[PDB]
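Asks: Below are the structure tokens for one structure; questions will follow.
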Amino acid sequence: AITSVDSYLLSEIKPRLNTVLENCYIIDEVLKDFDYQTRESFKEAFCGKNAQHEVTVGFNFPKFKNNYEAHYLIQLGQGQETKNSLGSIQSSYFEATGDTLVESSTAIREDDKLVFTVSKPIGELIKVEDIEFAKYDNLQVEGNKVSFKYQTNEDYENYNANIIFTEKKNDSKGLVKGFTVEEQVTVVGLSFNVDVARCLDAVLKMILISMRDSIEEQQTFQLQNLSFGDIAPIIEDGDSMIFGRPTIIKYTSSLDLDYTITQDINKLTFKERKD
Amino acid sequence: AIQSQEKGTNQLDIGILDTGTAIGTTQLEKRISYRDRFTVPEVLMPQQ
Numbered sequence: 002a003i004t005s006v007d008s009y010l011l012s013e014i015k016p017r018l019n020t021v022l023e024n025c026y027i028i029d030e031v032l033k034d035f036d037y038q039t040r041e042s043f044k045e046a047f048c049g050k051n052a053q054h055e056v057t058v059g060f061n062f063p064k065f066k067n068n069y070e071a072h073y074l075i076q077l078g079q080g081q082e083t084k085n086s087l088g089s090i091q092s093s094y095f096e097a098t099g100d101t102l103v104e105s106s107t108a109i110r111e112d113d114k115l116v117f118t119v120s121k122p123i124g125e126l127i128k129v130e131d132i133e134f135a136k137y138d139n140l141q142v143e144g145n146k147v148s149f150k151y152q153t154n155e156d157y158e159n160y161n162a163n164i165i166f167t168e169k170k171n172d173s174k175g176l177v178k179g180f181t182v183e184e185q186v187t188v189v190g191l192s193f194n195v196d197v198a199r200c201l202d203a204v205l206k207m208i209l210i211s212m213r214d215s216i217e218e219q220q221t222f223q224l225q226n227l228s229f230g231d232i233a234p235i236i237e238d239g240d241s242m243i244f245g246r247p248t249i250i251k252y253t254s255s256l257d258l259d260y261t262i263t264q265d266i267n268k269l270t271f272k273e274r275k276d
Numbered sequence: 099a100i101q102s103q104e105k106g107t108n109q110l111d112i113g114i115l116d117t118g119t120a121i122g123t124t125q126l127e128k129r130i131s132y133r134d135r136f137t138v139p140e141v142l143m144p145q146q
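Protein chains in written order, with the authors' numbering: chain G, 2 to 276; chain E, 99 to 146.
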């Protein structure tokens, strides 16, 4: 599973940043240490549902003009290989598996079992929220749905559960070959007003903190490290300077490829010899 | 009066940017100051 850190960063940042800027309480919590003036100015400009001004995020070298009132700029940076396993072997799988999904699913009644439906089939069930099925419940997964004994659990006929599971792709089996890569990605906020840049950097730090609970980087992009540069004038040739403070984010991910195996043994030929 | 008007374009990682030099000459008795602002309604500029 080749990793595109930049796209993941963008997808995590955009909705999360919009949600954070949606409400004032979270912003006030974030900007507790800042002075009244800059805090209130940033809140007036960008914060709130009905904010007239808006921030943006995008990759570097855009052929079009880019808004320099407040923008998050991303560039890919360097990368390095840090650790390897014997034969480049990372893991072995019997059934092809895709991404790990989290889905909410209300309990349902079936003639012998309570069940939960899901969007897609199941390759493996990791966890059901606040449940530890015993032998009596006889937890079974049958494609799309997971099921447990009806009678002794009948109080929970409409349990508002949620599920963490894994997609199923194929029944084939193979080996995972790959290594670990230690990658650096640079993120910088741009603004002709330095105070806006400072507040933007603080918001960036908070959303990076919040991201650590995300499933994907919990499973794929562990060992997050941060590093901040100095406030510098990005450009001097305009009528007014652009000010930005670059930040460097580090991640560790496992670049890997699935090598299928067609060998399947189903018969044995134990015979003696004579001389 | 205005001369040498230039629409100098710099293409960078942040994006494209319009900046250039234009040399002007005033009337008598007028004392301009740093970062004064002028606007020419007559002349229109294309942008995309």
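We put the beta carbon where it would ideally sit given N, CA and C, even for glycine.
Using a threshold of 8 Å, state whether the C-beta atoms of G:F193 and G:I232 are closer than that.
Replies: No; because the gap between Cβ atoms is not below 8 Å, this pair is not in contact.
Asks: Note the first and the last residue of the continuous beta strand (DSSP E) segment covering residue 43 of chain E.
Replies: Beyond the ends of chain E as shown, which are 99 and 146, falls residue 43 of chain E; an answer cannot be given.
Asks: Mind checking who G:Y157 pairs with in its DSSP beta bridge?
Replies: Partner(s): none; G:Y157 has no beta bridge.
Asks: Are any of the Cβ atoms in chain E nearer than 8 Å to that of G:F193?
Replies: no
Asks: When you compare the CB of G:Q79 with every CB in chain E, is at least one pair closer than 8 Å?
Replies: no
Asks: Interface residues of chain E around G:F65 at Cβ under 9 Å?
Replies: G113, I114 and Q146
Asks: Give me whichever residues DSSP pairs with G:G80 in a beta bridge.
Replies: Secondary-structure assignment with DSSP links G:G80 through a beta bridge to G:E184.
Asks: Please list the partners that G:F62 has in chain E, where partner means a Cβ-to-Cβ separation under 7 Å.
Replies: Here the neighbours are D111.
Asks: Out of G:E155, G:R246, G:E218 and G:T167, state which residue places its alpha-carbon closest to the alpha-carbon of G:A108.
Replies: G:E155
Asks: Do the segment 178-194 of chain G and the segment 86-96 of chain G meet, that is, are 3 or more Cβ pairs less than 8 Å apart?
Replies: yes
Asks: Please confirm if the segment 43-57 of chain G is in contact with the segment 67-75 of chain G, defined as three or more CB-CB distances below 8 Å between the two stretches.
Replies: yes
Asks: Counting only Cβ-Cβ distances shorter than 9 Å, please list the residues of the segment 226-239 of chain G near chain E, keeping chain order.
Replies: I235, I236, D238 and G239
Asks: How about G:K50 and G:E23: do their beta carbons lie closer than 8 Å?
Replies: yes
Asks: Going by DSSP in three states, G:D29 sits in which element: helix, strand or coil?
Replies: Residue state, collapsed to three classes: helix.
Asks: Going by alpha carbons, who is nearest to residue 279 of chain G out of G:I75, G:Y94, G:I127 and G:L102?
Replies: Beyond the ends of chain G as shown, which are 2 and 276, falls residue 279 of chain G; an answer cannot be given.
Asks: With 16 as the cutoff for other CB atoms within 10 Å, does G:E218 come out buried or exposed?
Replies: buried
Asks: Under the DSSP definition of a beta bridge, which residues are partnered with G:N171?
Replies: G:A97
Asks: What distance in whole Å lies between the Cβ atoms of G:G245 and G:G190, which are believed to be in contact at a cut-off of 8 Å?
Replies: 6 Å
Asks: Restricting to Cα atoms, I'd like to know which of G:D29, G:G80, G:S42 and G:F271 is closest to G:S5.
Replies: G:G80
Asks: With burial defined as no fewer than 16 other Cβ atoms inside 10 Å of the residue's Cβ, what is the status of E:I130: buried or exposed?
Replies: exposed
Asks: Using the C-alpha atoms, what's the distance from G:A46 back to E:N108?
Replies: If I take the Cα positions, the gap works out to 29 Å.
Asks: Under 8 Å by Cβ, that's how I've got G:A162 and G:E133 pegged, so tell me the actual separation to the nearest angstrom.
Replies: The pair is not a contact, with the Cβ atoms about 13 Å apart (cut-off 8 Å).
Asks: Smallest Cα separation from G:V188: which of G:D196, G:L227 and G:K169?
Replies: G:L227
Asks: Decide if the segment 87-105 of chain G is in contact with the segment 138-146 of chain G; the criterion is three or more beta carbon pairs, one per stretch, under 8 Å apart.
Replies: Touching, no, given that fewer than three Cβ pairs across the two stretches are closer than 8 Å.
Asks: If you follow the beta strand (DSSP E) that G:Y252 is part of, which residue opens it and which one closes it?
Replies: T248 to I262
Asks: Nearest by alpha-carbon distance to E:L115: which of E:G106, E:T123, E:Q125 and E:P144 is it?
Replies: E:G106
Asks: When the cut-off is 8 Å and only beta carbons count, does E:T117 lie next to chain G?
Replies: yes
Asks: Looking at chain E, is there any beta carbon in it that lies within less than 8 Å of the beta carbon of residue 1 of chain G?
Replies: Since the first residue shown for chain G is 2 and the last is 276, residue 1 of chain G is missing from the structure and cannot be characterised.
Asks: Checking the sheet assignment: what are the DSSP bridge partners for G:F60?
Replies: In the DSSP secondary-structure assignment, G:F60 is bridged to G:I75.
Asks: Please decide whether G:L74 counts as near chain E, where near means a Cβ-Cβ distance under 8 Å.
Replies: yes
Asks: Grab me the residues of G:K272's own chain with a C-beta within less than 7 Å of its C-beta, minus the 5 sequence neighbours each way, in chain order.
Replies: none
Asks: Would you call G:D257 buried or exposed, if buried means 16 or more other Cβ atoms sit within 10 Å of its Cβ?
Replies: buried
Asks: Nearest-angstrom Cα distance between G:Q264 and G:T101?
Replies: Spanning the two alpha carbons is a distance of roughly 28 Å.
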